[PDB]
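Asks: Turn this into a structure:
(chains A, B, C, D, E and F)
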Amino acid sequence: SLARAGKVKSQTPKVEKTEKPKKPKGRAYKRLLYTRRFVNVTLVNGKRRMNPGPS
Amino acid sequence: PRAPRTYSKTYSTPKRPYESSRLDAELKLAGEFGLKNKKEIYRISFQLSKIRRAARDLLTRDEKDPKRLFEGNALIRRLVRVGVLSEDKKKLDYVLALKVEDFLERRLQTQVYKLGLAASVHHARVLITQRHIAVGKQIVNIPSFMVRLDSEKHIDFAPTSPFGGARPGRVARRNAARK
Amino acid sequence: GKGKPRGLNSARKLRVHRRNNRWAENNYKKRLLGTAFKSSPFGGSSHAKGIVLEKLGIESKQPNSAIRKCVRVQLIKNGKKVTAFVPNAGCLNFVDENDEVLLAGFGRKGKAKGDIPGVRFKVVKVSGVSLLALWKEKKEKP
RNA sequence: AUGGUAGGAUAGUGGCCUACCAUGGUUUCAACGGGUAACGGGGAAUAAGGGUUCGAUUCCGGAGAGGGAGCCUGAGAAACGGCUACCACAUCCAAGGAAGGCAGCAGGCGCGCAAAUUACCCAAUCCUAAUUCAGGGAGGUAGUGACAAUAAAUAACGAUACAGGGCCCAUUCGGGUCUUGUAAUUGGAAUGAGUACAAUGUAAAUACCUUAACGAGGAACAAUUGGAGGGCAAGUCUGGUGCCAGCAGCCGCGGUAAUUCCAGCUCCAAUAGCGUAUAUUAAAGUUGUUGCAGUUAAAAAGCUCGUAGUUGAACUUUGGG
RNA sequence: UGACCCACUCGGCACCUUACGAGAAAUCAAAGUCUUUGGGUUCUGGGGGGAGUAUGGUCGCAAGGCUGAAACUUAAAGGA
RNA sequence: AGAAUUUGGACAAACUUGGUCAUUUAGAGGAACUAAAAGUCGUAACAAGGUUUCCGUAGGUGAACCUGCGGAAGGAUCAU
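Replies: Numbering: from 1, shown residues only, chains lettered A, B, ... in the order given. Dropping the coordinates below:
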């Protein structure tokens, strides 16, 4: 069968891109990355989950 | 037809691509020394990897043979002129104990920083792209320049430039033409 | 004294006893008959032009169920009759019968991918305008 | 076919061709044959090293002019915008006879996935003359153009109605004075995308650069395309369906509360650009010389001799001045 | 002399024991000296089937051997 | 000077015929292959799978397979 051709990408929650204070784009993506990866620590519970899923 | 003009890439990428190993020592580099893309850490990496063998190549001639000394004493003095390795280390030998990180200090990008004339590393750079800094009376607009030791003391700010002369600088032909 | 002649004058018997061996190693098989030009669709290539027939449905191989989307083609060359495979969505729709399609490999050589059986190609373009776009809506079709 | 000797032949050399002679030349270090969806290279993609593919295509060679031949001119052509034929095409006709070659620019047809205006000029660039002056779809330049590539707009800054994230006191309020912030009242500033005097540019205009006049308040001047189980950033939100629609590159969802389908809101990724299919690359140390595997995973020939191939003990002036 | 004993050796045909090493492991004085990657050289394999079949070519009287496809199909088949 | 024409030549278009490679592709018919939700008759293998499996061969055999010779152990034993 071919019916179900596409079925899913019909019923997709349409949903929107959201506007932003954009991301800076070069040198400067170094000074910004650097600060996060680790210069204020950042977090000290073993190591660093780079992007934590809300527990 | 004409003499087909000649060119080698400078870059030599890595053998493994991804690593939370070597990666998080580039971002410790960029960063600390200004830089930009990974297409710098890998330029250098090449040019050290270049020199490195002309030592290996030699060492394996005897010692004393014409070729070995000449390059060594010509090889070396090319690196004394760029500050790279000291005076006191040059036996040959030894150039091998030169890691990436020594070269970087002799990039203009940063030699400015040290000659402070720059808030942080950044205010060290726009400062090069924007025609601002100068060696003789001559501008240089490119971070990667490589400091020739015996210049260094001649590093400016030029006549042209706004921070040492010819005029105020655009935004000033504005606070004086609205009171 | 392992199995090979070793002394000095044992050039002759070596340039032969590798050149024989190489045979079997599969690769050096393709490259001497080389197959690539006679056998297979593209011959000594990478890409090609074809025009569709039906819109066939091929279910699964099994640890799977999965009824995927394939198209027969007509090439614009040997003529083989091939099938080929579509990506993204339904993707099917956008390949409206007897249309012009631009085919390429499946990065596997020969061979045959994932959960599909005798199948060996993907649909890159149509009309020549992406699929990639005529699914992220950067263009549309004539 | 391979050489000798002599002549013809050519602008010459030479079995180029012929007189007579001799029986040679190539061949597992791959000849001759078959294939090539082959015009060669410079070079293009890929890019740690070593590599693998593609170079019909902007320069250098060669080859055709619809097939095939033969030759007139000229130094210079086996010319095809030159001619004879032949054959495969197809045009005019008062049917007697004529005349014809886009794979030059254009354009239409056909083929097919697959690719554009019957437009303006010798002004540059250069070439042809008898020649400064003609002429030149060579060249240029406009039109169409998402092939790629470069730059980079699509909103800033206030203050406010609260919420706050600090701080100085808290004998309990809470204010507060350095701060981000949800706002559905906000008001002053700023521009060009479009429109357009002029100058410019241009052979001649379009555009660009300039700039008078104009032009930003959300229902604008509105940014899309692809996902939101995993791979792999991100919804155990709401609604419908009930192993049927459908999705899913692969693992797999769906058989009444579906984190996959259809769709709402919501968020994630790229962003004037995304996807999709095909071919190739890296990934591929799954073609390997650098760098593989061969006890059973797929692989040591049944065992030995061998002509090629390939490797091959050491020793021939060191030392000192 | 010979059988014998023991001492030693060279060449076997194996065996035990370790593991310093190697390996996916089971185990291996060789499967060791291999990412610190290279002593000499001959064969073979590159997913599972289709199938060592169909084809041609060839050796045999025949049984049959050696040579050896592809289309198609498939997400595993397998080792310890 | 010298046109039509013309002798024989070398050039060699053409076309007819064979004759062949090399691609195509038809086709009464056979023989297999594979993919499928649950159709048949069986129970061969995996346990000592109820006759222990397997090779190479030869002949049987509703079908899986069964039986001779000599191997192998991947064995159900590394044992006087």
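Asks: Which residues of chain B lie near chain A?
Replies: Residues of chain B that fall close to chain A, judged by CB under 8 Å from any CB of the partner chain: B:24, B:27, B:30-32, B:34-36, B:122, B:125. All C-beta spots, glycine's among them, are computed from the backbone N, C-alpha and C.
Asks: and if we set it to 7 Å?
Replies: B:24, B:27, B:30-31, B:34-36, B:122, B:125 (CB under 7 Å from any CB of the partner chain).
Asks: mind listing the helices for chain A?
Replies: A:32-35 (DSSP state H).
Asks: Can you tell me which residue of it sits closest to chain C?
Replies: For chain A and chain C, the shortest gap (CB to the nearest CB) falls at residue A:6, measuring 2.8 Å.
Asks: With the flanking residues excluded, which residue is spatially nearest to that residue?
Replies: residue C:90 (2.8 Å; CB to CB, 6 or more residues apart in numbering or on different chains).
Asks: Counting neighbours, what do you get for the one you found?
Replies: 18 (other CB atoms under 10 Å in any protein chain shown).
Asks: residues contacting it?
Replies: Going by CB atoms under 7 Å, 6 or more residues apart in numbering or on different chains, residue C:90 touches A:5-7, A:9.
Asks: Helix or strand: which one has residue B:118?
Replies: For residue B:118, there is no host helix or strand (DSSP states H and E).
Asks: Could you tell me how far it is located from residue C:6?
Replies: 69 Å (CB to CB, to the nearest Å).
Asks: Check residue B:5 too.
Replies: Relative to residue C:6, and taking CB to CB, residue B:5 is found at 50 Å.
Asks: neighbour count winner among these two?
Replies: Neighbours were counted for residue B:5 and for residue C:6 using other CB under 10 Å; residue C:6 has more, 8 against 5.
Asks: distance of that one from residue C:15?
Replies: Counting by CB to CB, the separation of residue C:6 from residue C:15 is 15 Å.
Asks: Next: residue A:55.
Replies: 69 Å.
Asks: which one of those two has more residues nearby?
Replies: Applying other CB under 10 Å to residue A:55 and residue C:15 shows that residue C:15 carries more neighbours, namely 9 against 3.
Asks: what about that one, helix or strand, and which?
Replies: helix C:12-19.
Asks: which outside residues touch that helix?
Replies: So helix C:12-19 is contacted by residue C:5 (CB under 7 Å, 6+ apart).
Asks: From RNA strand E, how far out is the residue of chain A found nearest RNA strand F?
Replies: Distances between chain A and RNA strand F by CB to the nearest atom of the strand are smallest at residue A:1, namely 13.5 Å. Counting by CB to the nearest atom of the strand, to the nearest Å, the separation of residue A:1 from RNA strand E is 16 Å.
Asks: And residue C:98, by the same measure?
Replies: For residue C:98 relative to RNA strand E (CB to the nearest atom of the strand), the value is 20 Å.
Asks: cool, and residue C:60?
Replies: Separation of residue C:60 from RNA strand E (CB to the nearest atom of the strand): 4 Å.
Asks: Thanks a lot, catch you later.
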